[PDB]
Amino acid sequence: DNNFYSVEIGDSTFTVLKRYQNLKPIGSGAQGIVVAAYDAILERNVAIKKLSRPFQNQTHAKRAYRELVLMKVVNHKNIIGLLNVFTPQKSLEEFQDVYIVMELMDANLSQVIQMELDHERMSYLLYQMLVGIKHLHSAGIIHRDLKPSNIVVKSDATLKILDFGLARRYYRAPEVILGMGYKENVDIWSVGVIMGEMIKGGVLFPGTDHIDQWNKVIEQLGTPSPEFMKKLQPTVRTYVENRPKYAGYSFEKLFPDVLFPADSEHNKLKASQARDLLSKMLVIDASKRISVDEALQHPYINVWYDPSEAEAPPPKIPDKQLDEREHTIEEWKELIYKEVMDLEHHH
């Protein structure tokens, strides 16, 4: 009859094109809830993320908007695939919800961390993160929020990043968490943490809590330098400058051989190279931390290096949208609506 139809998953309603069936809840990636479904026209598993009245507020609207524009304009093997977008309401008047349909991967990295990988697997997964990140950066998009739960893998060892809901807790770069002002290598810190976590097999800086992060961090890495302290917001400085001061530990002591798989047949795929790469990523002072190009160029990673993966044409944004500009509840709704209407096409 009407194209759409309605399913209750516990308290939530998914109103979606009829092609999408047997929905199952799969998670709550940041700013919406997500379901797996069977797509009967493609004959294919997909994931459907619902953004409920995304225009409700300043925060959400910006994010939904960013996520909408970039999902369209960014296509790459290592960034999650866009399949469809829609709303079931028939007008700007009546408009409430946005649905984004995506490929369904098999797992998120949190699972991979738990398991014993060999060097080609870790390296290759990290290579994939980095190539994805480089694609985003080439367009001046900085992700700022990479973590295990927004990076997904398949049983054929492919890896894709999702989210640019935040794209413009110890996973975030210190420069971010200290309102410091930041460049692209903000994302390298995150990769450092995730790499470390893949090697350790669990949480890198054990809590308990979102700010017992920091302390375990400086206890582990060492307190950062004076110049670095200088750069801080005078007020936030004196918090940081107060802490007991620590030397930190070498990377040999933080990531000893025992934690690594056997060295591989291949020269560059060894504990000492991984540890080297780590110690250039997992670095608190961003201006001493390596870039995505150097990390791609690094011996531990560069074995996979493929220029046609790593050097694709940038996504292009209208930069008409630079979207820092405060808008109002009302205008957001219009902006997102046009963005959705423009995207809509497949049913």
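Numbers for residues come from their place in the sequence shown, where the first is 1.
Visitor: Mind giving me a quick count class for deposited residues absent from the model between residue 168 and residue 169? Options are none, 1 to 3, 4 to 9, 10 or more.
Guide: Gap size class: 10 or more residues without coordinates, per the record.
Visitor: Test of understanding: from the entry's C-alpha B-factors, which stretch has the higher mean, 146-154 or 232-240?
Guide: That would be 232-240.
Visitor: Which is higher on average in the deposited entry, the C-alpha temperature factors of 204-212 or of 128-136?
Guide: Averaged over C-alpha atoms, the B-factors run higher in 204-212.
Visitor: Among 187, 276, 94, 197, where is the Cα temperature factor highest, going by the PDB entry?
Guide: Each of 187, 276, 94, 197 was compared by C-alpha B-factor; the highest is 94.
Visitor: Per the entry's values, where does residue 285 land by CA temperature factor relative to the rest of its chain, in the lowest, middle or highest third?
Guide: Middle third by C-alpha B-factor.
Visitor: For residue 320, does the deposited CA B-factor place it in the lowest, middle or highest third of the chain?
Guide: According to the entry, residue 320 has a C-alpha B-factor in the chain's highest third.
Visitor: Using the B-factor values recorded in the entry, state whether the Cα atom of residue 254 falls in the lowest, middle or highest third among the modelled residues of its chain.
Guide: Answer is lowest: the recorded C-alpha B-factor places it there.
Visitor: Based on the deposited C-alpha B factors for this chain, I'd like to know if residue 47 is in the lowest, middle or highest third.
Guide: For residue 47, the deposited C-alpha B-factor lands in the lowest third.
Visitor: Place residue 103 in the lowest, middle or highest third of its chain's C-alpha B-factors, as listed in the PDB entry.
Guide: Residue 103: CA B-factor falls in the middle third of its chain.
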